[PDB]
Amino acid sequence: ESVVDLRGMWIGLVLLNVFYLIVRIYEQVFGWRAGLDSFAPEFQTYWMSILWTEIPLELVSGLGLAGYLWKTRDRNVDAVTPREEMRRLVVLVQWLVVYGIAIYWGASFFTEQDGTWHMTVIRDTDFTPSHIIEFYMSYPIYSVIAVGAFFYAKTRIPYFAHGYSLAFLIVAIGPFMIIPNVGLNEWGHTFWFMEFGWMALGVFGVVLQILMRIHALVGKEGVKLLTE
Amino acid sequence: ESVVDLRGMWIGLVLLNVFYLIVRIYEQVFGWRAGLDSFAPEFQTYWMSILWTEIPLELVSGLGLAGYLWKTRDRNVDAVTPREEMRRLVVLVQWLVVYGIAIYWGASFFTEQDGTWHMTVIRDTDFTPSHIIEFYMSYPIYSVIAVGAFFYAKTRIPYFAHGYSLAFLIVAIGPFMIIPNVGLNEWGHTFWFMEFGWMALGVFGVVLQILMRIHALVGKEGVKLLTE
Amino acid sequence: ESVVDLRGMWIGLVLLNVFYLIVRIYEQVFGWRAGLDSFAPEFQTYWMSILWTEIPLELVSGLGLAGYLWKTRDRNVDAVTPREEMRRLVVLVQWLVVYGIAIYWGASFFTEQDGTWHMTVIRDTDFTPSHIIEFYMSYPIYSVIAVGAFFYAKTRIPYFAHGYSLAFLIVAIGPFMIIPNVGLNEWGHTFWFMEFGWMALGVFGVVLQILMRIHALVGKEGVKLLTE
Amino acid sequence: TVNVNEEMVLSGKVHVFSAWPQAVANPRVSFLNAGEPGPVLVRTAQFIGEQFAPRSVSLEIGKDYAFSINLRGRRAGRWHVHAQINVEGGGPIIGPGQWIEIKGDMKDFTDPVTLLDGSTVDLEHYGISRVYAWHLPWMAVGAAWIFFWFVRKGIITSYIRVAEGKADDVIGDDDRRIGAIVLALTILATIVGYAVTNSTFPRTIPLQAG
Amino acid sequence: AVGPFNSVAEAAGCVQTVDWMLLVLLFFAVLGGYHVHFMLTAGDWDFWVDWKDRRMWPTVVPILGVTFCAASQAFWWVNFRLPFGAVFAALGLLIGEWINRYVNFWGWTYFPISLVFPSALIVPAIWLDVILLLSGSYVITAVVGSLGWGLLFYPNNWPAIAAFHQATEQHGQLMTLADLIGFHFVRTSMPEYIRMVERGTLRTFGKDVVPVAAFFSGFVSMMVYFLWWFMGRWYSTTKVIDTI
Amino acid sequence: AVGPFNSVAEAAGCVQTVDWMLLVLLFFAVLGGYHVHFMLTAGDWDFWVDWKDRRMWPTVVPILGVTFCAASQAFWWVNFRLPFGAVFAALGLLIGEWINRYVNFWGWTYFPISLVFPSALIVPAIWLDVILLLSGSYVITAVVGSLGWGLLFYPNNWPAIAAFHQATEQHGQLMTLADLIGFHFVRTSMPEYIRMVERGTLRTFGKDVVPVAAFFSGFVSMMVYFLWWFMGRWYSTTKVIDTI
Amino acid sequence: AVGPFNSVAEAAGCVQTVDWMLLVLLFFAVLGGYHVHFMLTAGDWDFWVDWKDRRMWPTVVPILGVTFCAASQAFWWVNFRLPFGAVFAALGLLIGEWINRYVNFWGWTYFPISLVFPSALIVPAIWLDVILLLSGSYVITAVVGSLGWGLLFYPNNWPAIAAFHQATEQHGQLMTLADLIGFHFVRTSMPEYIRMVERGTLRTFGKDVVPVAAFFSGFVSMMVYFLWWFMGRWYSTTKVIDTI
Ligand SMILES: C[As](C)(=O)[O-]
Ligand SMILES: [Zn+2]
Ligand SMILES: [Zn+2]
Ligand SMILES: [Zn+2]
Ligand SMILES: [Zn+2]
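Protein chains in written order, with the entry's author numbering: chain G, 16 to 210, 224 to 256; chain K, 16 to 210, 224 to 256; chain C, 16 to 210, 224 to 256; chain A, 54 to 263; chain F, 9 to 252; chain B, 9 to 252; chain J, 9 to 252.
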């Protein structure tokens, strides 16, 4: 048919940068004067609403994508043909470029956005307009694509099925060990008196593992010969 | 004859819970009024006596059990029969059940007992009535059974002979590394200005190693068949 | 010819203990009154001169020795005869006795010398008379012999060629990780508010690796028989 | 200008400024000193805020204090000697310094000082003997212990013994018996060395500080 | 033609499109990770013009900053021999900062860029990559690479920063422009006294406040680098495991 | 035909001269390393007679001092079965100190030896070696070896030190000779208050200030030993590696 | 019947009596070790009703308490697939506490149980065990397991504790019964001020003091769990070695 598809990839990116862009604007508009005092009721309509929605929604979203992929897993994986595997990989590489973007928004944009909002309020609880997005939105999402990628690979590629790449295992799991970091880092002084770094570039190993599988599914012919 | 003996085990448990129960009582009685001020002479008769006795007694008790077990070691261990190994192991499991109780007394009872005595005095020196028992009694004992167990295995079981299970070695040697902890924990503030945890569940390994030997000394017959 | 040469060794020792002995005296004489105030111009003639000279000299000294030994490397090392190897080793053991002395001067004498000078001035900058010698003299030198030793072995002994003993690699590189220590140890308080030990007895391994080679280049004959 | 042993004195007054910078700790805890290249002059005694000041002292912020330092001369030369005060969490504050000139020979420098028991001692010399007398023996002893075994089983030899099966060719009593003996002697020599220096000087008090 | 591709155009064609995907997914990736780590520890000096001092900032930022660069290096250069490791990470950071600085620090809350602009990294990042490009060794890189990285930090920041280090007289007291910028544009949680900047010691001699700072910052970065190189390695692990 | 030596005299001859070289290069070696380490952490108490107190000094010096001895042991006794490990190290130090104490502390700056004399180590060092010589086990050594080493520190220093723990009356205040010696011979950066010495607590009962200090110092040294033994092992590594 | 047993009744009979001895020698074992560790670090909160606050205690106890449970789990479940690891350790502690609380804190010194009763652990311990029982994964256990464990701690302590959190008026001041119990039954070494309990901050918003505390306590326990799982592994080592 063809190996490279990309149709899938674009739907993710397009659907994402949009949702975040809506959000950045929604927070531009209701951040300023609707989310400045939590004891007001327009906070409940414009922020405390989003919170109460996303969490349950994300939580289901995640277990959704999980069950589906497992359910639609290729029960006879080892049989997979050299073209179909190569195709599958290219979809895997796709999941990772969406994971990529999800990582950007969650972990850079909405994370260092929080920094500036700490210079703007005095905080009515730990639920700011910035936290609703950073913690209970942009992170959960990015974590869910993470799990998606993990599960897709596991149920489509013979290598990631019968295994667990420790690399991918890390990538899929350390998002649940950022809250211990980025979160509690904030309750520094309050949680203090009673008293280097563990990170997720596990993607290195994961793309390296992918790379090895490509180098495999091209004969001596394509390999040496076509690309000297 | 028979594998399971147990006669030996009871001797220890009985001889032990008794010696601790005597002491608890004798400390009940002479703790309260006789060991409340160290500068008194009824302290010398009722506590500072016990100390001066037990250490040299313990120190000899230890090198005793040691030398004896080595001496009476089975010089031709490798030859040992399947039944006589099996029996020997059950003796080892025995030593470990006494090591068990020694651990209880020395490390929980007479250890957290010290906690409440700190709420009762202001300490004339480091030799309280509670320290005489905790440090220079309940520990050394629990440490000397530990050694016993270790040397018994070593001089009766081929596996522990020509070896040193690291697990067992730990078990037998970390008791001389609790003083650094439980002890100096106390001279906290006094020894302070000039400025997770290393523990002894090494017994895990030791019982794991024992277990493998049993699993061996039962054929496929007893094994698979009798215990499915 | 003969294995043991020693002529080379003496040149180093003699050339060295002399150059340090000159200096100790020169610092005896110009330390006291010529290097007591940095803002004086007799400091520029007697200390700030030495500094400006040694560094570039040392830096070239080092890359010198390095290129030379590599250049004059035995291009067909594996072929080396059992006598020639044995001779070569003895030269290696030689380099290491000079490394030894270098270490002494740089790391004990001129290092703890600095201790006493800290009781004598109040410091006009970090460039004392003691620091010119300790840091930018006695260390660099000791570091350059170290590099020598390393490179000699690499280019003369098949073992050290096609390798990198990790032991020798350490020995040759950790001198560039003492500044982080011995240096910054000084800017303790000034560099402080914004906030066991990694050492170089790598020589252990290196002499052990040498030893194994000797034990090899003596047959069962010399070995067992001559030295029982 | 001074002779070796000639009892000069530097003195003055100082005001603890009021807007005491955040940069430097509270002078709650401080120490008076004389800023000189080594002990070119001994310090016989010194006083600040009308007290003997051989230890740490408090300065309150905004007061002034008076001080003086008795300086017996010791080293032949010309030394620019400052009044100096240091602060807990701060560092040295260096004051006025004047060229002082000593003449004579260091050879002749003495103190001395007077013990509670009565007697007199030259600090410039006292004790130095006993130190050597107890150190250098032990240093020889240690070096003897090494030489002994180095020439009794070689390095190469013993490495090769260890290397092949054995070992036990290297050690094994009476190598042990040597140990037990040398050990037992050592504990003895110490017991002795202690008991004697316990009779000599049976007075003694901990370092005085605070 | 080239199985399991139908043509060469299908091969060379796919390979090419995958290559982009990788480089891109791998761009952030690191940026994302690197940013969150950097921002949690180096802060803070990288937010505020009135934090960028002479001692602290030129110390902590090189030391914390070398981390993902070294780890990035141990990934590109080991596995592809591509000499853009440090620069790949450093720039990723710098974009991820800047975007946010503008769009949010400014465009959301309206602190003016002159207050909120990031520390410059790319010169040292280049220098690092070129020590590894020239000598093929990460051991050499770890020494003369990371030393270089430390020194260049302040020098490559000076062009941006000097501007605001100009003096102004303010009710008969001196300020720098930065001091003032910070003073003007009110931060609801940023009292001077929190700053973590040079305030002077009796132990400063010279006329050296920055040189020592940038040296110290290089020497330490040497160790950070080694550790972060090897973590760059464990992080690149193709190990597969049996149970969870 | 003694190959690759021509004679036995050439073999036994070379072996002998090499043996010396080793022992000597290996003497410093350790002395050099041991010293720099010891000096940076134990200081300091080992410079000044007015630091050698009753609590700190008899604590930190045994605990910091056991290190290279334990690593030195793991090298001689493991690989040559030679029972002078600790003593080889300990002494190496003592020399390197003393030389410098004399030549420099005195001969350069003219602090008098009574002020700048080092702590005594050789008794414990011997004690340690002989526990390893008698019981062949470093595990026993680590326990009864390092304990001993701890106790014997102060006892074996007392002979040198007592001398300066004599009382003198000074403007109606008590001092020890040491207190005074330090007071006399002016150190340009050594204010009492920096001292790091016993100054007394409400928690002292007895009449035990030194006993407890030397016990504590032995029980800790047990750990420092184990760690430094195995470091003496890694440090003994004959591993060879592929790339840098 | 089955060698080296004479009968089946001899086999099944022995097997059975050993099982008991193991389970028993293994009960304490852990209890003994767990207790000493727990009591040395979580003190102290677990002793005193007037230490059991809203922030510290519900934080440090989950965090220190997970340790031996995780290590216990790594032992039973890996090697026997027995789902009582956490519970097995938690209860051991609870007994070994309780006995001594009664028999000594009370029966030896007479502080009334209301002052000296321990923190409740079993509900969380159950929860852990079942997250491991259901999902066979110690990775998932390490996450949702140890999160649950943190949260439940206070909820499952509230039944016992509420009682003493009632208010009494005391010379025109407020106390809780607990505050008072502590005040009444004199501890010769326990001044309020040593407490290490909630005393208030300007950074508290809400009305949240315990929720945050118990979340924080869950989140941190996730890491403690991992580390302590693997330590449960090394501790289970069947490795045998050559020399000591
Ligand atoms: C230095 As070669 C290539 O002969 O191993
Ligand atoms: Zn399969
Ligand atoms: Zn106690
Ligand atoms: Zn070769
Ligand atoms: Zn210096």
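For each residue, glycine too, the CB sits at the ideal point set by N, CA and C.
Which residues in the same chain have their Cβ closer than 6 Å to the Cβ of residue i, if we skip the five residues on either side of it in sequence?
i: J:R63; result: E206, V217, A221
i: F:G226; result: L155, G158, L159
i: J:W237; result: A78, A82, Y146
i: A:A106; result: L85, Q99, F100
Taking 9 Å as the cut-off, decide whether the C-beta atoms of residue i and residue j are in contact.
i: B:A50; j: B:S154; result: no
i: A:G126; j: B:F193; result: no
i: J:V32; j: K:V197; result: no
i: F:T67; j: C:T205; result: no
i: B:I169; j: C:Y179; result: no
i: C:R241; j: B:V111; result: no
i: C:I172; j: C:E100; result: yes
Who are residue i's beta bridge partners in DSSP?
i: A:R125; result: A:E60
i: K:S53; result: DSSP output for K:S53 lists no bridge partner at all.
i: C:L78; result: Its beta-bridge partners do not exist; DSSP assigns none.
i: A:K66; result: A:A119
i: A:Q104; result: A:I101
i: A:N86; result: A:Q137
i: A:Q151; result: A:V134
Who are the near neighbours of residue i in its chain, counting only those whose CB is closer than 8 Å to its CB and skipping five residues on each side?
i: F:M198; result: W56, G190
i: K:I156; result: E73, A117, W120, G121
i: F:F172; result: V57, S122, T184, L185, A186, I189
i: A:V62; result: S121, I122, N123, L124
Considering only the alpha carbon of each residue, which of the options lies closest to residue i?
i: K:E73; options: K:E256, K:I160, K:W202; result: K:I160
i: A:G148; options: A:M192, A:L176, A:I114, A:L85; result: A:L85
i: J:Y201; options: J:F213, J:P70, J:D187; result: J:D187
i: G:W202; options: J:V111, J:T212, J:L185, J:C77; result: J:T212
i: K:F224; options: J:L182, J:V232, J:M183, J:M204; result: J:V232
i: G:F45; options: G:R88, G:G178, G:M209, G:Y61; result: G:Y61
i: F:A97; options: F:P120, F:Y110, F:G73, F:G115; result: F:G73
i: G:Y154; options: G:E16, G:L66, G:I26, G:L51; result: G:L66
Please go through the same chain and pick out, in chain order, the residues whose beta-carbon is closer than 7 Å to the beta-carbon of residue i, but skip the five residues on each side of it.
i: C:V108; result: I238
i: K:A168; result: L107, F175, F183
i: G:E42; result: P144, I148
i: G:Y114; result: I160, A161, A164
i: A:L241; result: none
Can we count residue i as close to ligand 6, meaning its CB is less than 8 Å from some heavy atom?
i: C:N91; result: Ligands in the displayed structure: ligand 1, ligand 2, ligand 3, ligand 4 and ligand 5; ligand 6 is not one of them.
**Message:** If we require 4 or more residues per run, which alpha helix (DSSP H) segments fall completely within the region 17–85 of chain F?
**Reply:** 35–49
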